[PDB]
Amino acid sequence: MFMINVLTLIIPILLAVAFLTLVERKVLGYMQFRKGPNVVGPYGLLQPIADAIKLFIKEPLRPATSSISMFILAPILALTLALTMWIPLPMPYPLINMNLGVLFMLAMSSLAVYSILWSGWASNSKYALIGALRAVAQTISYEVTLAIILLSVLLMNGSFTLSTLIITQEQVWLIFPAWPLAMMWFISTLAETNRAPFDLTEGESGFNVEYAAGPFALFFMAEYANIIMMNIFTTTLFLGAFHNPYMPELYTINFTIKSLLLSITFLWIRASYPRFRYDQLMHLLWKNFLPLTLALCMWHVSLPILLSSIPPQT
Amino acid sequence: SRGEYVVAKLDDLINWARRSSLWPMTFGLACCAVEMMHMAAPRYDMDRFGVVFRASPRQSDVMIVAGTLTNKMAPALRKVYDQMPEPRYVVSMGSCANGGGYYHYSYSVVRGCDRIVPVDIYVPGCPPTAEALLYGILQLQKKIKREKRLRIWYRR
Amino acid sequence: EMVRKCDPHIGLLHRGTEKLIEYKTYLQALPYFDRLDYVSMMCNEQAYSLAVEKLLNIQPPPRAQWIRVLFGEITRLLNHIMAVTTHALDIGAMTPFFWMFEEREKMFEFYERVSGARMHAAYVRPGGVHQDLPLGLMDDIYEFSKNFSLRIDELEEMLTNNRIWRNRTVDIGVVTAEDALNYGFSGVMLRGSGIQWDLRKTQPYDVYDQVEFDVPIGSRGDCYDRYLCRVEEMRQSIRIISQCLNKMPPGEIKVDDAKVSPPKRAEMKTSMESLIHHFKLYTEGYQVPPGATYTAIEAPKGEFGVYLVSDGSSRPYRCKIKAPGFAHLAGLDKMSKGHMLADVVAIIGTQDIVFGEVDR
Amino acid sequence: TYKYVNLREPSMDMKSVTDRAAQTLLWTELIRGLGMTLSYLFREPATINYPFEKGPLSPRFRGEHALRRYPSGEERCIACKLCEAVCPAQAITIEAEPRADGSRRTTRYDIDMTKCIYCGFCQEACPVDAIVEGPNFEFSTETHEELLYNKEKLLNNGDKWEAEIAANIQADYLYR
Amino acid sequence: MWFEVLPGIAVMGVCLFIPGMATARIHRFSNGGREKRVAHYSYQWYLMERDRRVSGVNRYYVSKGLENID
Amino acid sequence: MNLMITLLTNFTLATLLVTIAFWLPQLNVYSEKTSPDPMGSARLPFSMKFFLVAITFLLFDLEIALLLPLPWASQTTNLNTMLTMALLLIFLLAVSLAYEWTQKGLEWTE
Amino acid sequence: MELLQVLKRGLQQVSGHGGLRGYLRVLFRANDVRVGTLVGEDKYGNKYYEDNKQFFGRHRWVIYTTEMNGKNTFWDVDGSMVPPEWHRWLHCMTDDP
Amino acid sequence: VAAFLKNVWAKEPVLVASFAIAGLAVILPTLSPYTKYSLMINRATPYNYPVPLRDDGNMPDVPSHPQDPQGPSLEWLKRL
Ligand SMILES: CCCCCCCCCCCCCCCCCC(=O)OC[C@H](COP(=O)([O-])OCC[N+](C)(C)C)OC(=O)CCCCCCCCCCCCCCCCC
Ligand SMILES: CCCCCCCCCCCCCCCCCC(=O)OC[C@H](COP(=O)(O)OCCN)OC(=O)CCCCCCCCCCCCCCCCC
Ligand SMILES: CCCCCCCCCCCCCCCCCC(=O)OC[C@H](COP(=O)(O)OCCN)OC(=O)CCCCCCCCCCCCCCCCC
Ligand SMILES: CCCCCCCCCCCCCCCCCC(=O)OC[C@H](COP(=O)(O)OCCN)OC(=O)CCCCCCCCCCCCCCCCC
Ligand SMILES: CCCCCCCCCCCCCCCCCC(=O)OC[C@H](COP(=O)(O)OCCN)OC(=O)CCCCCCCCCCCCCCCCC
Ligand SMILES: CCCCCCCCCCC1=C(C)C(=O)C(OC)=C(OC)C1=O
Ligand code: SF4
Ligand code: SF4
Ligand code: SF4
């Protein structure tokens with residue numbers, strides 16, 4: 001019965017990632033004064049299916065790899081981590097209810113740079129390796145503000161428990177006491193997933209260009225699973241919905257609408273801005289987000305003490 | 001028979017998925033690049049056909065040779081063609097890619113890109129309009145729709 | 001991260017255009033100029049036409065000159081839409097590309113209504129223009145111009161005060177005025193450096209001394225002031241188009257010398273002299289008196305010049321083509337030093353470089 | 001007669017400095033750009049439904065070539081080779097002879113459509129309106145030599161498109 | 001117009017609605033019509049194992065009330 | 001236990017999709033390809049700056065590891081000492097960032 | 001409320017194509033369900049429609065025949081299927097069909 | 001002390017906000033009247049069992065029952 005619950009988690013993940021590609025092409029279409037796909041299916045609803053079947057019978061690109069083993073391991077690690085980030089998510093009840101789910105997600109997202117690094121070294125292109133090193137340095141840079149912002153928010157929660165974060169936000173959204181943390185958090189999640197305006201793997205080579213159409217599609221769907229997941233996590237973390245315990249589907253509808261709007265906000269940010277130069281988002285992290293993040297971490301340490309608003313441990 | 005019916009339906013499925021998800025790599029060589037950009041512009045909008053705008057050359061399905069092919073760039077064209085995964089198609093757009101065009105008798109122009117790469121659709125014009133190029137892309141989709149890969153495989 | 005040396009290898013679109021001009025007549029060599037700066041077609045037509053008309057010692061009629069200035073500024077809108085939106089597209093701002101190519105599609109409809117082709121019109125000829133404006137064209141040019149300032153305003157909303165766009169342009173590619181003059185820069189490449197120079201003002205051609213407009217001048221010599229100069233040149237092109245639509249005169253559109261411009265088809269089929277002149281202008285062509293001119297216009301990329309040498313025959317002996325992008329891409333190596341690799345694509349964008357005119 | 005783009009000194013009073021700092025810390029122009037992108041989201045797109053909806057053309061449009069006839073069936077081309085003399089790409093190849101009724105007619109009228117620059121100098125050099133460049137732009141082929149039209153193909157394009165070509169010439173002949 | 005993107009958003013939203021609805025119904029099916037017992041701390045697990053021992057059917061969720069005493 | 005089952009299911013589905021993506025188009029018989037990069041054969045030049053930003057990540061990540069028990073440490077009854085040491089750790093992370101600034105360590109990847 | 005008028009226009013687009021069957025026919029062939037004034041029909045079965053409230057480019061269209069010159073064109077519609085007398089009207093070279 | 005402050009707020013508003021929020025976090029808990037209640041609530045939270053005292057006979061402040069008057073109270077927490 002638990003295996004049914006695991007499958008009803010992870011097969012809808014793959015379906016939502018499949019149709020997120022359609023939603024991105026359509027929304028980026030209408031924001032660019034054109035249409036998106038509307039020929040292949042009715043309203044383009046068969047475009048992800050057609051594209052999956054196209055990519056899974058395309059010729060293998062057949063690279064000469066420096067390592068065969070890490071070239072196999074990098075998509076496996078990417079998909080495994082992108083599927084295990086979902087299991088503590090309280091929506092309203094997590095699959096795995098763990099006491100330290102926030103730190104679990106921070107750890108499993110910190111492990112996601114090995115897929116980039118191993119795929120960059122497993123290619124024989126030196127320029128692909130340079131791009132992989134830039135992508136890893138970007139991701140580990142923004143993980144610093146992820147961890148410190150996330151700590152500063154959970155100083156209002158009381159624990160690392162993700163389900164407690166719903167109880168924390170029953171009277172007000174947590175974006176009201178922590179909107180500067182929310183906006184630096186949101187741009188840091190935008191820079192974690194290598195999402196525009198932080199997508200330098202498409203700014204003028206990607207780390208995974210030596211993969212065939214199948215494995216590059218697996219990297220791509222792990223990336224969009226990370227995108228939907230971080231939007232759900234940001235929704236749980238700052239926009240926590242009403243939860244009637246006798247009617248859990250009210251919370252499920254509410255966090256689903258908010259997470260969809262936040263994923264469309266990712267789609268709407270990539271339809272609006274040019275890219276950063278690489279040093280410019282390094283400047284954005286180290287010289288702008290990190291001093292404010294340390295200052296607000298001092299503020300959110302000292303603030304529950306000075307107002308007598310320390311959250312409970314349990 | 002059953003096997004002929006099964007390979008016919010699988011041919012229809014894989015031809016549908018290939019012609020409905022064509023990814024182009026456009027050699028924006030010369031003035032035909034401007035008109036390929038108009039075929040991507042919101043009036044015609046290739047992206048609603050499933051034809052994405054500027055896929056990378058190692059994942060694209062069709063090479064649109066849009067412009068004049070000179071002698072100095074013909075090995076680069078052929079190298080990008082050899083780096084494309086199969087099934088790869090070639091749309092020749094406009095007169096210089098088709099036959100040399102207005103620079104046919106030049107010392108430095110390849111007289112049509114079909115001296116360099118095999119070509120599927122010849123799209124005529126100087127430039128052909130964006131609507132004429134979109135006509136050529138839909139004709140390429142119709143050419144993919146009547147492919148018989150698995151039927152010939154079953155009959156061999 | 002820094003760039004020490006940038007060596008642009010070109011000739012990938014060298015077509016031997018101006019050797020092919022030597023084996024063709026003057027009317028036959030006119031459509032090569034549509035294909036040099038292939039976003040600025042009728043302007044290069046105008047530069048070649050002014051060169052041949054200077055060597056022929058004839059002048060276009062006034063309505064032909066107003067049609068040439070009208071379509072030159074429509075062409076300038078085409079080229080600066082191409083310039084600004086691809087310069088933003090290569091940096092990452094992909095959305096005003098699609099927002100402005102619908103307006104660019106409508107100006108290609110203007111070209112197609114007046115000539116029959118959307119891009120390579122062969123419309124501005126030595127002697128005037130090929131054919132008169134069809135009825136209702138000026139109404140639709142007015143309907144375009146009445147709304148196009150809002151399109152510039154929302155482009156300028158998306159880019160100008162955007163801090164990501166200002167980080168990618170403000171201290172990038174700084175060119176001094178003396179180095180821009182020494183490197184043969186022209187147009188916006190001079191005008192971002194604060195040099196007050198514009199060939200429509202200083203060395204005016206067809207009726208540009210009769211239209212009223214302003215020249216946008218930069219202050220810092222960078223990518224960002226050149227962006228602002230191109231946006232403001234789209235503004236001033238809308239201004240000149242309004243002045244051309246109001247001050248369009250009646251009359252003929254070819255010069256009324258039928259030994260230079262071909263006669264009308266009604267009188268080609270009626271008059272003996274007109275049939276002879278139609279015959280000889282479409283088989284031999286007109287003879288151009290011997291001499292060498294360097295005729296330059298203010299194309300939307302800068303000074304576009306033709307050094308045309310005639311020997312007295314109906315075919316050009318020599319036609320050297322000065323493109324702005326040739327000297328601009330030569331100065332790319334100086335403009336890219338002390339910058340990063342991602343700045344190089346922005347400097348290649350701020351120099352408006354179309355390789356058809358760069359390579360010929 | 002000139003203007004200065006970007007020669008503004010920003011005001012240094014506390015009001016304007018706090019305006020610029022609220023812009024820096026609260027991302028006001030970034031919300032402006034998101035607003036303009038959201039504004040195009042709710043517009044009707046400019047996308048026509050090709051092939052069922054077509055781009056607007058004029059009667060001057062220069063597409064596929066056609067040899068025309070008189071209103072008696074006699075072909076208009078009297079073999080004068082003006083079109084191939086003016087042809088800037090040398091796409092037109094003409095051979096002629098007197099035929100059985102002594103008329104001056106072609107035995108070869110070839111147009112290489114892959115040399116052709118579609119500029120229509122042939123249809124304006126033509127004294128009898130024989131060669132025209134008609135309104136067809138949807139004639140893409142699968143083979144290169146299918147774009148090498150001989151006299152039979154061009155006369156068949158004339159017979160195919162004449163009902164449209166005559167009306168386009170009827171619209172535009174008073175400008176020519 | 002813009003509402004053409006809403007079918008894909010609807011499909012994706014149903015696909016995001018499925019996991020939480022599924023785990024809520026599976027938790028109510030596996031735990032006697034109630035929520036799953038949250039045992040983050042060893043006292044909660046002690047009470048839960050005591051419930052499993054006092055139920056007599058080796059199921060923690062089968063609750064025994066005042067009817068189980070005299 | 002349910003966590004180990006879920007990890008095994010996620011890893012098995014990932015390995016199955018990777019096996020399908022590496023071996024479903026291998027069944028085709030397409031063609032043998034001869035096939036004879038911005039740098040040609042020059043050895044990868046070392047960047048000191050990428051190493052410095054990775055080490056700065058590592059040291060700030062250790063300081064983050066010290067900062068991680070604060071939502072538990074706020075529950076103590078020695079709150080003046082706890083608040084003093086929390087502000088002292090975040091201040092020493094800020095002093096590390098300031099020294100990384102002022103000796104030009106955050107330059108050309110600022 | 002004006003959303004009710006939008007829903008009524010959608011339902012009368014379903015009604016205008018002759019029911020749900022003709023609605024789905026034109027949806028899967030045209031990728032387009034708006035109704036127009038039937039301007040005419042050629043000798044092949046192509047049906048030519050106006051709608052002058054649509055913008056310039058959408059205001060004239062053709063629903064192609066399902067069989068032309070022996071070829072099944074139910075799914076294989078083609079821009080060259082338009083005869084020349086309707087090719088001036090459809091491409092807006094004239095106001096007159 | 002005022003021209004330098006407007007200068008750094010014009011040039012570097014991120015860092016001015018950073019040092020200002022950090023200064024408030026430093027100085028404001030010493031000026032707050034509610035810092036005392038944080039301590040009082042953390043000591044009012046009964047994690048352990050209240051191990052009772054052997055009644056020697058003379059302990060007037062220790063109750064015999066939870067509902068007795070003597071002993072530590074939490075009226076301040078319910079009221080605040
Ligand atoms: C979670 C739901 C969504 C959350 C909100 C996010 C929605 C909006 C997103 C818009 C699209 C953004 C795309 C990416 C943008 C990247 C660029 C960018 O913005 O860079 C950040 C910019 C960078 O600025 P910059 O780099 O342009 O500035 C120049 C900086 N120097 C001089 C160093 C070169 O700003 C920040 O870093 C600010 C981050 C947030 C700060 C929040 C401060 C709150 C107020 C604190 C108190 C202030 C008063 C003082 C104390 C008073 C005490 C009483
Ligand atoms: C959580 C929800 C998730 C939902 C995911 C899916 C979203 C999109 C749903 C589908 C949308 C509509 C699909 C319509 C498909 C096209 C049908 C069609 O018309 O096919 C025509 C084609 C040829 O027909 P023919 O008979 O030749 O025509 C000549 C007639 N004189 O005939 C054929 O091609 C043969 C028939 C093909 C039918 C394919 C149907 C679509 C497959 C969808 C798969 C997913 C279904 C939902 C799964 C989740 C719910 C269980
Ligand atoms: C034993 C017998 C069976 C043997 C094995 C076959 C298994 C089933 C495979 C699918 C059904 C077989 C037929 C496939 C389609 C054939 C018909 C076809 O191509 O119809 C064309 C029609 C659209 O017409 P079109 O040519 O595109 O015209 C353009 C518009 N002017 O096209 C349409 O209307 C849409 C066609 C959609 C095709 C089916 C839907 C996609 C496939 C779904 C199942 C597989 C993938 C599952 C999910 C993968 C991961 C996302
Ligand atoms: C290259 C190799 C292959 C790469 C791809 C696959 C590996 C990477 C992706 C998967 C990563 C596995 C992570 C496993 C541990 C995660 C941490 C963890 O267990 O946290 C959850 C929870 C802690 O919370 P708490 O509620 O306090 O504990 C329960 C108390 N009621 O604690 C629990 O619930 C405890 C449950 C029992 C203990 C579980 C032990 C798991 C098995 C050992 C580690 C497996 C991974 C080894 C390889 C790592 C990557 C190389
Ligand atoms: C006491 C409380 C705790 C304080 C420590 C904790 C702070 C939390 C935030 C952490 C910040 C870590 C990094 C700080 C580095 C400071 C040095 C620095 O950045 O100097 C360089 C800078 C000029 O920048 P530049 O080198 O040109 O870089 C390119 C960008 N233009 O130079 C400058 O911009 C000048 C910066 C100094 C002046 C800032 C004044 C802010 C005043 C706010 C009001 C007072 C708040 C109370 C605290 C006292 C502040 C002096
Ligand atoms: C298990 C496999 C599920 C289906 C595959 C993922 C869903 C389809 C995504 C298709 C796709 C789109 C639209 C796409 O645009 C794209 O290019 C950026 C891809 O990467 C190569 C894609 O994979
Ligand atoms: S066919 Fe014509 S317009 Fe096209 S690239 Fe060639 S010269 Fe330019
Ligand atoms: S359109 Fe021009 S290039 Fe083509 S055949 Fe006529 S004259 Fe020659
Ligand atoms: S088509 Fe016209 S110009 Fe050409 S040979 Fe015939 S009559 Fe002369």
# chains A, B, ... in the order shown; residues from 1 in each chain; ligands from 1
$ residues_near_ligand --ligand "ligand 9" --cutoff "12 Å" --atoms "only C-alpha atoms and all ligand atoms" --output "PyMOL selection string"
(chain C and resi 278-279+282-283) or (chain D and resi 65-69+75-87+91-97+104-111+120-133+151+154-155+158)
$ select_by_dssp --residues "stretch 86-146 of chain D" --states "strand (DSSP E)" --output "MDAnalysis selection string"
chainID D and resid 92:98 104:112 131:133
$ select_by_dssp --residues "chain F" --states "alpha helix (DSSP H)" --output "MDAnalysis selection string"
chainID F and resid 2:23 48:67 70:73 79:102
$ residues_around --residues "residue F:73" --least-positions-apart "5" --cutoff "12 Å" --atoms "only C-alpha atoms" --output "PyMOL selection string"
(chain A and resi 155+158-159+301+305+310-313) or (chain F and resi 66-68+78-86) or (chain H and resi 42)
$ residues_near_ligand --ligand "ligand 7" --cutoff "8 Å" --atoms "only C-alpha atoms and all ligand atoms" --output "PDB file with C-alpha atoms, in the first residue's frame"
ATOM      1  CA  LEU B  29      24.450  32.786 -43.531  1.00  0.00           C
ATOM      2  CA  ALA B  30      22.932  35.709 -45.433  1.00  0.00           C
ATOM      3  CA  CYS B  31      19.663  37.536 -46.198  1.00  0.00           C
ATOM      4  CA  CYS B  32      17.555  34.362 -45.817  1.00  0.00           C
ATOM      5  CA  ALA B  33      18.353  34.410 -42.092  1.00  0.00           C
ATOM      6  CA  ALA B  66      19.444  29.887 -45.121  1.00  0.00           C
ATOM      7  CA  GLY B  67      21.878  31.963 -47.099  1.00  0.00           C
ATOM      8  CA  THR B  68      24.832  31.895 -49.430  1.00  0.00           C
ATOM      9  CA  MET B  93      16.332  28.005 -48.472  1.00  0.00           C
ATOM     10  CA  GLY B  94      16.653  30.522 -51.264  1.00  0.00           C
ATOM     11  CA  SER B  95      18.529  30.841 -54.508  1.00  0.00           C
ATOM     12  CA  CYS B  96      22.135  30.875 -53.302  1.00  0.00           C
ATOM     13  CA  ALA B  97      21.659  27.775 -51.187  1.00  0.00           C
ATOM     14  CA  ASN B  98      19.677  26.173 -54.013  1.00  0.00           C
ATOM     15  CA  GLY B 100      24.371  29.533 -56.283  1.00  0.00           C
ATOM     16  CA  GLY B 101      21.828  32.171 -57.141  1.00  0.00           C
ATOM     17  CA  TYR B 102      22.997  35.680 -57.850  1.00  0.00           C
ATOM     18  CA  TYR B 103      26.549  34.584 -57.019  1.00  0.00           C
ATOM     19  CA  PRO B 124      12.963  28.898 -53.916  1.00  0.00           C
ATOM     20  CA  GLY B 125      13.066  32.660 -53.622  1.00  0.00           C
ATOM     21  CA  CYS B 126      15.427  35.582 -53.169  1.00  0.00           C
ATOM     22  CA  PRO B 127      14.571  35.452 -50.287  1.00  0.00           C
ATOM     23  CA  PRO B 128      11.590  33.151 -50.220  1.00  0.00           C
TER      24      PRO B 128
ATOM     25  CA  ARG C  35      22.109  41.928 -50.616  1.00  0.00           C
ATOM     26  CA  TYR C  38      20.541  42.855 -46.057  1.00  0.00           C
ATOM     27  CA  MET C 119      13.187  42.561 -48.739  1.00  0.00           C
ATOM     28  CA  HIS C 120      15.109  43.021 -51.988  1.00  0.00           C
TER      29      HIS C 120
ATOM     30  CA  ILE D 117      16.838  36.574 -57.960  1.00  0.00           C
TER      31      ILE D 117
END
$ residues_near_ligand --ligand "ligand 2" --cutoff "7 Å" --atoms "only C-alpha atoms and all ligand atoms" --output "ChimeraX atom specification"
/A:41-42,45-46 /E:11,14-15 /G:28,74
$ residues_around --residues "residue G:81" --least-positions-apart "3" --cutoff "12 Å" --atoms "only C-alpha atoms" --output "ChimeraX atom specification"
/D:51-52,136,138-139 /G:42-47,62-69,71-73,76-78,84-87,90
$ residues_near_ligand --ligand "ligand 3" --cutoff "7 Å" --atoms "only C-alpha atoms and all ligand atoms" --output "list in words"
residues 18, 39, 40, 41, 46, 48, 49, 50, 52 and 53 of chain A; 6, 9, 10, 12, 13, 16 and 20 of chain B; 28, 29, 30, 75, 76 and 77 of chain G
$ write_last_selection --atoms "N, CA, C and O atoms" --output "short mmCIF file (atom, residue, chain, number, x, y, z; two decimals), in the first residue's frame"
data_model
loop_
_atom_site.label_atom_id
_atom_site.label_comp_id
_atom_site.auth_asym_id
_atom_site.auth_seq_id
_atom_site.Cartn_x
_atom_site.Cartn_y
_atom_site.Cartn_z
N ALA A 18 6.29 16.75 -17.70
CA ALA A 18 5.99 16.63 -19.12
C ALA A 18 5.14 17.79 -19.61
O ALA A 18 5.46 18.42 -20.63
N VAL A 39 -0.94 22.95 -32.71
CA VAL A 39 -1.20 22.13 -33.88
C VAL A 39 -1.16 20.65 -33.55
O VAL A 39 -2.03 19.89 -33.98
N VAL A 40 -0.19 20.25 -32.73
CA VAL A 40 0.14 18.83 -32.56
C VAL A 40 -0.95 18.11 -31.79
O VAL A 40 -1.44 17.05 -32.22
N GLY A 41 -1.38 18.67 -30.67
CA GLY A 41 -2.60 18.21 -30.06
C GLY A 41 -3.67 19.27 -30.19
O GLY A 41 -3.44 20.34 -30.75
N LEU A 46 -0.64 17.40 -27.17
CA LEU A 46 0.16 16.24 -27.54
C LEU A 46 1.60 16.59 -27.87
O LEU A 46 2.36 15.70 -28.26
N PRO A 48 4.17 17.45 -25.69
CA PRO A 48 5.17 16.72 -24.90
C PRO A 48 5.26 15.24 -25.22
O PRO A 48 6.36 14.67 -25.17
N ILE A 49 4.14 14.61 -25.58
CA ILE A 49 4.16 13.19 -25.94
C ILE A 49 4.93 12.97 -27.23
O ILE A 49 5.79 12.08 -27.32
N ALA A 50 4.64 13.80 -28.24
CA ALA A 50 5.34 13.74 -29.52
C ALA A 50 6.82 14.01 -29.35
O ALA A 50 7.66 13.35 -29.97
N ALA A 52 8.63 13.55 -26.55
CA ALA A 52 9.24 12.42 -25.85
C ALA A 52 9.49 11.25 -26.78
O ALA A 52 10.56 10.63 -26.73
N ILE A 53 8.53 10.94 -27.66
CA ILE A 53 8.72 9.84 -28.60
C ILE A 53 9.79 10.20 -29.62
O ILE A 53 10.57 9.33 -30.02
N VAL B 6 1.02 -4.04 -37.71
CA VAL B 6 1.71 -3.50 -36.54
C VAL B 6 2.84 -2.57 -36.96
O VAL B 6 2.99 -1.47 -36.40
N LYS B 9 1.31 0.74 -38.20
CA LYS B 9 0.89 1.64 -37.13
C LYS B 9 2.08 2.22 -36.37
O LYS B 9 2.04 3.39 -35.96
N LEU B 10 3.15 1.45 -36.22
CA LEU B 10 4.35 1.99 -35.58
C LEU B 10 5.06 3.00 -36.47
O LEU B 10 5.61 3.98 -35.97
N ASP B 12 3.40 4.97 -38.52
CA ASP B 12 2.56 6.15 -38.38
C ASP B 12 2.84 6.89 -37.08
O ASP B 12 2.92 8.12 -37.07
N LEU B 13 3.07 6.14 -36.00
CA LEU B 13 3.38 6.76 -34.71
C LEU B 13 4.72 7.49 -34.74
O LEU B 13 4.82 8.65 -34.32
N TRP B 16 4.61 10.51 -37.01
CA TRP B 16 3.87 11.58 -36.36
C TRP B 16 4.74 12.31 -35.35
O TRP B 16 4.78 13.55 -35.33
N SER B 20 6.03 16.14 -36.02
CA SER B 20 5.35 17.06 -35.13
C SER B 20 6.29 17.64 -34.09
O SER B 20 5.85 18.43 -33.25
N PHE G 28 -9.79 19.76 -35.09
CA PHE G 28 -8.65 18.92 -35.41
C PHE G 28 -8.11 19.13 -36.82
O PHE G 28 -6.97 18.76 -37.08
N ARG G 29 -8.88 19.75 -37.72
CA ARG G 29 -8.29 20.08 -39.01
C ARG G 29 -7.70 21.48 -39.04
O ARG G 29 -6.58 21.67 -39.52
N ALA G 30 -8.41 22.48 -38.52
CA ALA G 30 -8.00 23.87 -38.64
C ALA G 30 -7.16 24.37 -37.49
O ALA G 30 -6.49 25.40 -37.65
N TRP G 75 -6.46 15.15 -43.66
CA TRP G 75 -5.38 15.60 -42.81
C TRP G 75 -4.26 16.29 -43.57
O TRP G 75 -3.53 17.08 -42.97
N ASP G 76 -4.11 16.02 -44.86
CA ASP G 76 -3.00 16.55 -45.65
C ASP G 76 -3.47 17.77 -46.44
O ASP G 76 -3.55 17.76 -47.67
N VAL G 77 -3.77 18.83 -45.71
CA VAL G 77 -4.10 20.10 -46.34
C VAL G 77 -2.83 20.77 -46.84
O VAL G 77 -1.73 20.50 -46.38
#
$ interface_residues --of "chain D" --to "chain A" --cutoff "10 Å" --atoms "only C-alpha atoms" --output "CSV table (one decimal) with C-alpha atoms, in the first residue's frame"
chain,number,residue,atom,x,y,z
D,25,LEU,CA,16.3,47.3,-2.9
D,26,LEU,CA,12.7,46.8,-4.0
D,27,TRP,CA,13.3,46.1,-7.7
D,30,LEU,CA,12.0,44.8,-12.6
D,31,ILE,CA,8.4,44.8,-11.7
D,32,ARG,CA,7.8,47.3,-14.5
D,33,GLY,CA,9.4,44.9,-17.0
D,34,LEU,CA,7.3,42.0,-15.6
D,35,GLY,CA,4.3,44.2,-16.0
D,36,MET,CA,5.0,44.9,-19.6
D,37,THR,CA,5.5,41.1,-20.3
D,38,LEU,CA,2.3,40.4,-18.4
D,39,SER,CA,0.6,43.1,-20.5
D,40,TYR,CA,1.5,41.2,-23.7
D,41,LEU,CA,0.3,37.9,-22.1
D,42,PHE,CA,-3.3,39.1,-22.2
D,43,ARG,CA,-3.2,40.5,-25.7
D,44,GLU,CA,-4.5,38.7,-28.7
D,45,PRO,CA,-1.4,37.3,-30.6
D,46,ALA,CA,-0.6,38.3,-34.1
D,47,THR,CA,-0.4,34.7,-35.3
D,48,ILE,CA,-2.3,33.8,-38.4
D,49,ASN,CA,-3.4,30.2,-39.0
$ closest_atom_pairs --of "chain A" --to "ligand 4" --cutoff "12 Å" --atoms "only C-alpha atoms and all ligand atoms" --output "tab-separated table"
residue	atom	partner	partner_atom_place_in_ligand_line	distance
A:69	CA	ligand 4	1 (C)	9.8
A:70	CA	ligand 4	1 (C)	8.6
A:71	CA	ligand 4	1 (C)	11.4
A:72	CA	ligand 4	1 (C)	10.0
A:73	CA	ligand 4	1 (C)	6.4
A:74	CA	ligand 4	1 (C)	8.4
A:75	CA	ligand 4	5 (C)	9.4
A:76	CA	ligand 4	5 (C)	6.3
A:77	CA	ligand 4	5 (C)	4.5
A:78	CA	ligand 4	5 (C)	8.0
A:79	CA	ligand 4	5 (C)	8.5
A:80	CA	ligand 4	9 (C)	5.5
A:81	CA	ligand 4	9 (C)	5.2
A:82	CA	ligand 4	9 (C)	8.8
A:83	CA	ligand 4	9 (C)	8.9
A:84	CA	ligand 4	10 (C)	6.8
A:85	CA	ligand 4	9 (C)	9.3
A:86	CA	ligand 4	10 (C)	12.0
A:87	CA	ligand 4	21 (C)	9.9
A:88	CA	ligand 4	21 (C)	8.6
A:94	CA	ligand 4	26 (O)	11.7
A:95	CA	ligand 4	34 (O)	11.2
A:96	CA	ligand 4	34 (O)	7.5
A:97	CA	ligand 4	26 (O)	6.7
A:98	CA	ligand 4	26 (O)	3.3
A:99	CA	ligand 4	26 (O)	3.4
A:100	CA	ligand 4	24 (O)	4.6
A:101	CA	ligand 4	24 (O)	6.4
A:102	CA	ligand 4	24 (O)	9.5
A:103	CA	ligand 4	20 (O)	8.4
A:104	CA	ligand 4	20 (O)	5.7
A:105	CA	ligand 4	17 (C)	9.1
A:106	CA	ligand 4	17 (C)	10.7
A:107	CA	ligand 4	17 (C)	8.3
A:108	CA	ligand 4	11 (C)	6.7
A:109	CA	ligand 4	9 (C)	9.8
A:110	CA	ligand 4	9 (C)	11.0
A:111	CA	ligand 4	8 (C)	7.7
A:112	CA	ligand 4	8 (C)	9.0
A:113	CA	ligand 4	8 (C)	11.8
A:114	CA	ligand 4	1 (C)	9.3
A:115	CA	ligand 4	4 (C)	9.6
A:118	CA	ligand 4	1 (C)	10.5
A:159	CA	ligand 4	27 (O)	10.7
A:160	CA	ligand 4	24 (O)	9.1
A:161	CA	ligand 4	26 (O)	8.1
A:162	CA	ligand 4	26 (O)	10.4
A:163	CA	ligand 4	26 (O)	11.3
